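What follows is the content of coords-v6.pdb (PDB, C-alpha atoms and all ligand atoms).
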```pdb
ATOM      1  CA  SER R  25      -1.723 -42.075  12.568
ATOM      2  CA  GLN R  26      -2.877 -40.102   9.531
ATOM      3  CA  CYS R  27      -1.572 -36.756   8.366
ATOM      4  CA  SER R  28      -2.562 -34.252   5.750
ATOM      5  CA  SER R  29      -1.662 -30.918   4.246
ATOM      6  CA  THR R  30      -2.196 -28.674   1.257
ATOM      7  CA  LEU R  31       0.296 -27.023  -1.113
ATOM      8  CA  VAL R  32      -0.351 -24.265  -3.634
ATOM      9  CA  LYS R  33       1.366 -22.771  -6.643
ATOM     10  CA  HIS R  34       0.530 -19.642  -8.614
ATOM     11  CA  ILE R  35       1.146 -20.471 -12.287
ATOM     12  CA  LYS R  36       1.522 -17.857 -15.039
ATOM     13  CA  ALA R  37      -0.365 -19.894 -17.634
ATOM     14  CA  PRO R  38      -4.050 -20.212 -18.578
ATOM     15  CA  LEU R  39      -6.167 -22.796 -16.780
ATOM     16  CA  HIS R  40      -6.972 -24.658 -20.008
ATOM     17  CA  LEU R  41      -3.293 -25.244 -20.801
ATOM     18  CA  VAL R  42      -2.370 -26.271 -17.253
ATOM     19  CA  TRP R  43      -5.365 -28.601 -17.059
ATOM     20  CA  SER R  44      -4.344 -30.188 -20.372
ATOM     21  CA  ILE R  45      -1.131 -31.337 -18.683
ATOM     22  CA  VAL R  46      -2.450 -32.140 -15.193
ATOM     23  CA  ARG R  47      -5.298 -34.325 -16.451
ATOM     24  CA  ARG R  48      -2.922 -36.765 -18.237
ATOM     25  CA  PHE R  49      -3.052 -39.412 -15.521
ATOM     26  CA  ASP R  50      -1.376 -41.730 -18.031
ATOM     27  CA  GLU R  51       1.625 -39.392 -18.626
ATOM     28  CA  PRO R  52       2.629 -37.792 -15.320
ATOM     29  CA  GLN R  53       6.182 -37.557 -16.699
ATOM     30  CA  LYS R  54       4.947 -34.615 -18.795
ATOM     31  CA  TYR R  55       5.837 -32.598 -15.706
ATOM     32  CA  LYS R  56       6.768 -34.833 -12.762
ATOM     33  CA  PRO R  57      10.587 -34.933 -12.786
ATOM     34  CA  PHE R  58      10.926 -37.998 -10.539
ATOM     35  CA  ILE R  59       9.059 -40.313 -12.963
ATOM     36  CA  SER R  60      11.039 -42.126 -15.651
ATOM     37  CA  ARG R  61       8.292 -44.390 -17.054
ATOM     38  CA  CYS R  62       4.532 -44.844 -16.731
ATOM     39  CA  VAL R  63       2.617 -47.884 -17.995
ATOM     40  CA  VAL R  64      -1.199 -47.966 -18.158
ATOM     41  CA  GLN R  65      -2.867 -51.102 -19.485
ATOM     42  CA  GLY R  66      -6.534 -51.103 -20.339
ATOM     43  CA  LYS R  67      -8.512 -47.876 -20.358
ATOM     44  CA  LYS R  68      -6.183 -44.945 -19.863
ATOM     45  CA  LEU R  69      -8.104 -41.875 -18.638
ATOM     46  CA  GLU R  70     -11.147 -43.187 -16.846
ATOM     47  CA  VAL R  71     -12.014 -43.530 -13.195
ATOM     48  CA  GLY R  72     -10.543 -46.871 -12.180
ATOM     49  CA  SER R  73      -7.549 -46.651 -14.541
ATOM     50  CA  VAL R  74      -4.371 -48.076 -13.036
ATOM     51  CA  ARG R  75      -0.855 -46.778 -13.668
ATOM     52  CA  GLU R  76       2.498 -48.279 -12.730
ATOM     53  CA  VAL R  77       5.269 -45.695 -12.613
ATOM     54  CA  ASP R  78       9.004 -46.324 -12.434
ATOM     55  CA  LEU R  79      10.890 -43.724 -10.431
ATOM     56  CA  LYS R  80      14.137 -42.197 -11.533
ATOM     57  CA  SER R  81      17.295 -43.992 -10.489
ATOM     58  CA  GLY R  82      19.017 -43.072  -7.255
ATOM     59  CA  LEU R  83      15.761 -42.381  -5.422
ATOM     60  CA  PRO R  84      14.765 -44.044  -2.131
ATOM     61  CA  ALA R  85      12.025 -45.948  -4.002
ATOM     62  CA  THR R  86      11.667 -47.405  -7.495
ATOM     63  CA  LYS R  87       8.006 -48.091  -8.264
ATOM     64  CA  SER R  88       4.485 -46.986  -7.428
ATOM     65  CA  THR R  89       1.055 -48.270  -8.441
ATOM     66  CA  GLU R  90      -1.749 -45.708  -8.491
ATOM     67  CA  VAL R  91      -5.483 -45.624  -9.289
ATOM     68  CA  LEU R  92      -7.454 -42.731 -10.805
ATOM     69  CA  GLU R  93     -10.237 -41.933  -8.357
ATOM     70  CA  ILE R  94     -11.521 -38.576  -9.678
ATOM     71  CA  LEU R  95     -11.203 -36.995 -13.131
ATOM     72  CA  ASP R  96     -13.431 -33.916 -13.266
ATOM     73  CA  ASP R  97     -12.932 -32.017 -16.525
ATOM     74  CA  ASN R  98     -15.618 -29.449 -15.681
ATOM     75  CA  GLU R  99     -14.169 -28.513 -12.272
ATOM     76  CA  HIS R 100     -10.541 -29.463 -13.041
ATOM     77  CA  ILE R 101     -10.058 -31.918 -10.172
ATOM     78  CA  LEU R 102      -7.744 -34.929 -10.407
ATOM     79  CA  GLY R 103      -8.000 -37.479  -7.609
ATOM     80  CA  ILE R 104      -5.507 -40.349  -7.219
ATOM     81  CA  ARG R 105      -4.782 -43.072  -4.679
ATOM     82  CA  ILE R 106      -1.540 -44.991  -4.233
ATOM     83  CA  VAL R 107      -2.240 -48.709  -3.847
ATOM     84  CA  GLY R 108       1.203 -50.292  -4.280
ATOM     85  CA  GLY R 109       4.880 -49.501  -4.437
ATOM     86  CA  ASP R 110       8.170 -49.914  -2.606
ATOM     87  CA  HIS R 111       7.994 -46.456  -1.033
ATOM     88  CA  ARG R 112       6.857 -46.183   2.564
ATOM     89  CA  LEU R 113       3.544 -44.424   1.829
ATOM     90  CA  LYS R 114       0.401 -46.408   2.671
ATOM     91  CA  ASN R 115      -3.186 -45.242   2.093
ATOM     92  CA  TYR R 116      -1.956 -42.133   0.310
ATOM     93  CA  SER R 117      -4.724 -40.160  -1.417
ATOM     94  CA  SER R 118      -3.974 -37.109  -3.577
ATOM     95  CA  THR R 119      -6.245 -34.350  -4.922
ATOM     96  CA  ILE R 120      -5.048 -31.633  -7.274
ATOM     97  CA  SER R 121      -7.457 -28.918  -8.321
ATOM     98  CA  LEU R 122      -6.910 -25.925 -10.592
ATOM     99  CA  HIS R 123      -8.590 -22.529 -10.365
ATOM    100  CA  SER R 124      -8.291 -19.629 -12.782
ATOM    101  CA  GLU R 125      -6.905 -16.513 -11.169
ATOM    102  CA  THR R 126      -6.119 -12.985 -12.272
ATOM    103  CA  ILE R 127      -3.185 -11.107 -10.732
ATOM    104  CA  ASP R 128      -2.580  -7.532 -11.963
ATOM    105  CA  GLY R 129      -4.671  -8.020 -15.096
ATOM    106  CA  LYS R 130      -2.667 -11.157 -15.929
ATOM    107  CA  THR R 131      -4.762 -14.305 -16.078
ATOM    108  CA  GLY R 132      -3.247 -17.506 -14.760
ATOM    109  CA  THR R 133      -3.886 -20.622 -12.704
ATOM    110  CA  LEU R 134      -3.783 -21.438  -9.011
ATOM    111  CA  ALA R 135      -2.907 -25.100  -8.497
ATOM    112  CA  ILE R 136      -3.817 -26.616  -5.133
ATOM    113  CA  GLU R 137      -2.596 -30.091  -4.206
ATOM    114  CA  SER R 138      -3.749 -31.797  -1.001
ATOM    115  CA  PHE R 139      -2.900 -35.213   0.420
ATOM    116  CA  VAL R 140      -3.862 -37.688   3.101
ATOM    117  CA  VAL R 141      -1.514 -40.508   4.104
ATOM    118  CA  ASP R 142      -0.745 -42.885   6.958
ATOM    119  CA  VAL R 143       2.120 -41.960   9.269
ATOM    120  CA  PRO R 144       4.660 -44.779   8.717
ATOM    121  CA  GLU R 145       5.928 -47.140  11.407
ATOM    122  CA  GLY R 146       9.085 -45.513  12.743
ATOM    123  CA  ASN R 147       8.584 -42.033  11.296
ATOM    124  CA  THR R 148       6.658 -39.237  13.009
ATOM    125  CA  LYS R 149       3.746 -37.160  11.754
ATOM    126  CA  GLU R 150       5.915 -34.059  11.276
ATOM    127  CA  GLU R 151       8.546 -36.201   9.544
ATOM    128  CA  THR R 152       6.056 -37.663   7.058
ATOM    129  CA  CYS R 153       4.160 -34.450   6.503
ATOM    130  CA  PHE R 154       7.226 -32.296   5.838
ATOM    131  CA  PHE R 155       8.696 -34.873   3.458
ATOM    132  CA  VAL R 156       5.546 -35.129   1.351
ATOM    133  CA  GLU R 157       5.027 -31.358   1.339
ATOM    134  CA  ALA R 158       8.506 -30.755  -0.080
ATOM    135  CA  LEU R 159       7.938 -33.311  -2.818
ATOM    136  CA  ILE R 160       4.558 -31.891  -3.825
ATOM    137  CA  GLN R 161       5.992 -28.379  -3.792
ATOM    138  CA  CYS R 162       8.772 -29.557  -6.119
ATOM    139  CA  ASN R 163       6.220 -31.175  -8.426
ATOM    140  CA  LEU R 164       4.070 -28.020  -8.476
ATOM    141  CA  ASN R 165       7.130 -25.908  -9.290
ATOM    142  CA  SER R 166       7.937 -28.244 -12.194
ATOM    143  CA  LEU R 167       4.308 -27.932 -13.371
ATOM    144  CA  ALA R 168       4.693 -24.147 -13.434
ATOM    145  CA  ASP R 169       7.943 -24.418 -15.406
ATOM    146  CA  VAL R 170       6.484 -26.803 -17.997
ATOM    147  CA  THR R 171       3.210 -24.952 -18.544
ATOM    148  CA  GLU R 172       4.769 -21.489 -18.505
ATOM    149  CA  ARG R 173       7.191 -22.679 -21.179
ATOM    150  CA  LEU R 174       4.286 -24.069 -23.214
ATOM    151  CA  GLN R 175       2.466 -20.756 -22.840
ATOM    152  CA  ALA R 176       5.562 -18.946 -24.114
ATOM    153  CA  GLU R 177       6.048 -21.295 -27.080
ATOM    154  CA  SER R 178       2.422 -20.795 -28.070
ATOM    155  CA  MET R 179       3.241 -17.072 -28.299
ATOM    156  CA  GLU R 180       5.418 -18.096 -31.282
TER     157      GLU R 180
HETATM  158  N1  LIG R 201       9.642 -41.960  -1.592
HETATM  159  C1  LIG R 201       9.236 -41.614  -2.630
HETATM  160  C2  LIG R 201       8.749 -41.182  -3.912
HETATM  161  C3  LIG R 201       9.487 -40.260  -4.643
HETATM  162  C4  LIG R 201       9.019 -39.838  -5.883
HETATM  163  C5  LIG R 201       7.816 -40.330  -6.385
HETATM  164  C6  LIG R 201       7.337 -39.872  -7.744
HETATM  165  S1  LIG R 201       6.273 -38.456  -7.603
HETATM  166  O1  LIG R 201       7.078 -37.410  -7.044
HETATM  167  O2  LIG R 201       5.699 -38.247  -8.884
HETATM  168  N2  LIG R 201       5.109 -38.858  -6.484
HETATM  169  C7  LIG R 201       4.166 -37.959  -6.183
HETATM  170  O3  LIG R 201       4.054 -36.863  -6.729
HETATM  171  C8  LIG R 201       3.153 -38.372  -5.119
HETATM  172  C9  LIG R 201       1.841 -38.738  -5.833
HETATM  173  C10 LIG R 201       0.866 -37.735  -6.254
HETATM  174  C11 LIG R 201      -0.212 -38.238  -6.878
HETATM  175  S2  LIG R 201       0.007 -39.904  -6.939
HETATM  176  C12 LIG R 201       1.508 -39.994  -6.148
HETATM  177  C13 LIG R 201       2.944 -37.164  -4.201
HETATM  178  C14 LIG R 201       4.230 -36.817  -3.472
HETATM  179  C15 LIG R 201       4.653 -37.969  -2.571
HETATM  180  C16 LIG R 201       4.922 -39.200  -3.425
HETATM  181  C17 LIG R 201       3.668 -39.527  -4.252
HETATM  182  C18 LIG R 201       7.079 -41.258  -5.656
HETATM  183  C19 LIG R 201       7.550 -41.679  -4.416
END
```
When written as structure tokens, how does the structure in this file appear?
Amino acid sequence: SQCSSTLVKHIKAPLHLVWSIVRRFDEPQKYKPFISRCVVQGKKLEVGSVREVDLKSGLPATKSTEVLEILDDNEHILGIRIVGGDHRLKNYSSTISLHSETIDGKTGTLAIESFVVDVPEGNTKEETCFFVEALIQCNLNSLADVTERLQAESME
């Protein structure tokens, strides 16, 4: 009744720049294309911070409420739970972690995003798992696009 998996993305941008985007729990729309708004009252970037995101129109859900569980700036780990929303995901926990990597002399970042979530009522484990994996993979591909563009702009 639970399911889990892990997605990865090789990003052609330095860890420090990628982390500077990923750690913004209060502004996931910096790179998540399915978020239209994000409101965080109270303390913004501390364990326990709560965010309410509005999803972009035409999606099968419209809102999510999420809590920051882990914000490790030394190890570059961002841990988040979903606690409310009108999507079908219950007890969803997310962990994204970044690791520097060097491919052919070129330094970059390996992003690894893992999840755990309940298998919804009517849906199956494969159904839920495959759906979430595609969404995370899309989000990690947007992260690469955003940070690789920022890397390029920094090159003047
Ligand atoms: N139906 C549905 C649905 C579609 C888009 C979003 C916006 S989202 O694409 O930004 N959502 C995410 O990235 C997830 C997340 C990661 C850390 S906290 C929440 C991981 C992927 C599954 C949904 C939740 C949320 C729900």
How close does chain R get to ligand LIG 201 (chain R)? List, as a tab-separated table, each residue of chain R within 6 Å, its nearest atom pair and the distance in Å to one decimal, counting all atoms listed in the file.
```
residue	atom	partner	partner_atom	distance
R:56	CA	R:LIG201	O2	5.3
R:58	CA	R:LIG201	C6	4.9
R:59	CA	R:LIG201	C6	5.5
R:79	CA	R:LIG201	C6	5.9
R:84	CA	R:LIG201	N1	5.6
R:85	CA	R:LIG201	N1	5.2
R:104	CA	R:LIG201	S2	5.5
R:106	CA	R:LIG201	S2	6.0
R:111	CA	R:LIG201	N1	4.8
R:118	CA	R:LIG201	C11	5.1
R:156	CA	R:LIG201	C15	4.9
R:159	CA	R:LIG201	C14	5.1
R:160	CA	R:LIG201	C14	4.9
```
Point-to-point distance from CA of residue 142 in chain R to CA of residue 114 in chain R, Å rounded to tenths: 5.7 Å
If you apply the PyMOL selection byres (((chain R and resi 98) around 12) and not hetatm) to this file, what residues do you get, as an MDAnalysis selection string? chainID R and resid 39:40 43 47 94:97 99:102 121:123
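Nearest residue to residue 27 in chain R, choosing from R:144, R:91, R:67, R:55 and counting all atoms listed in the file: R:144.
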Give me the result of the PyMOL selection byres (((chain R and resi 140) around 8) and not hetatm) on this file, residue by residue, as a ChimeraX atom specification. /R:26-29,115-118,138-139,141-142
Pull out every residue that the PyMOL selection byres (((chain R and resi 54) around 12) and not hetatm) matches in the shown coordinates and put them as a PyMOL selection string. chain R and resi 42+44-53+55-62+163+166-171+174
List as a PyMOL selection string: which residues have an atom within 8 Å of (-4.2, -22.4, -8.4), counting all atoms listed in the file? chain R and resi 32-35+121-125+133-136
Expressed in Å to a single decimal, how great is the separation between CA of residue 112 in chain R and CA of residue 89 in chain R? 12.6 Å
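Taking CA of residue 108 in chain R as the reference point, CA of residue 90 in chain R is found at 6.9 Å.
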